[PDB]
């Protein structure tokens, strides 16, 4: 008697940074022009100390057409297209944007940000003043750990556009070939020698998604931070290929415990780096694995932890 939804409760002591979804919820109530101005301010300040990596060439080619169209617009239509995105309005641009994977959306906005700084796309009005709720939301963001700040930014970007009733076409970056076997690193985890867990981390660090997916049970699931579980090999594999490329998992230590019915539950804590920021932002992460008797992954959750004080010991 162990289901995906019940497995979500293992290691319930684990204190996730639920300020992140809380802040996204407050952010999403705001006026669209405040949403845009708020991210503009946060992004400008964050950039004084955090350098964002340039978008990949393939991603920028996929966003090029939409970026060209916006550039050909007059300033008022440019501002209107950005508000449409933030409002999740139903427009052709908003539907194109909603078909994109997160990295393509992120590179789209990265490039609009550069063009706004250069004055080639309508900027945020000079001297713009946020609303009462918006100033408070921005203050909250600026008080978070950098790992939490960039999660808020990405989740806000992913939220934009019109994805209503959208199980249709998905546009994503091409799949990078797995790291050659001779150059792959091998993680070490204090306390944890489980082969499934170590192979999980090593294969993801090598972008070896075909090998990684075979560690899962047919009906197994993966739960990203603050998102519902992704269920089944088909869906988990799609997620890997479209959204999980070029991560760096740096686990540190863990604990291994029996679970009901010859299962095993393992919790590991450490850091994860996104290619957007590399070593400049280390996110505090827990991994919560539920393995069946054969060692297959029935459930794995990845949690963004509330602070470094939540890392094991």
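Residue numbers count along the first chain shown, from 1.
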property: Coordinates lacking for residue 164, a third or more of other entries; result: yes
property: 109 to 117 set against 123 to 131, stretch whose average Cα temperature factor tops the other in the entry; result: 123 to 131
property: 289 to 297 set against 17 to 25, stretch whose average Cα temperature factor tops the other in the entry; result: 289 to 297
property: Criterion, highest CA B-factor; candidates, 101, 140, 163, 149; result: 163
property: Residue with maximal Cα B-factor (values as given in the PDB entry) among 179, 223, 155, 196; result: 179
property: Lowest, middle or highest third - CA B-factor, residue 192; result: highest
property: Third of the chain's Cα B-factor distribution that residue 44 belongs to, per the entry; result: middle
property: Entry-reported Cα temperature factor of residue 269, expressed as the chain third it lands in; result: lowest
property: Ranked against its chain, the third holding the CA B-factor of residue 144; result: lowest
property: Entry-reported Cα temperature factor of residue 78, expressed as the chain third it lands in; result: middle
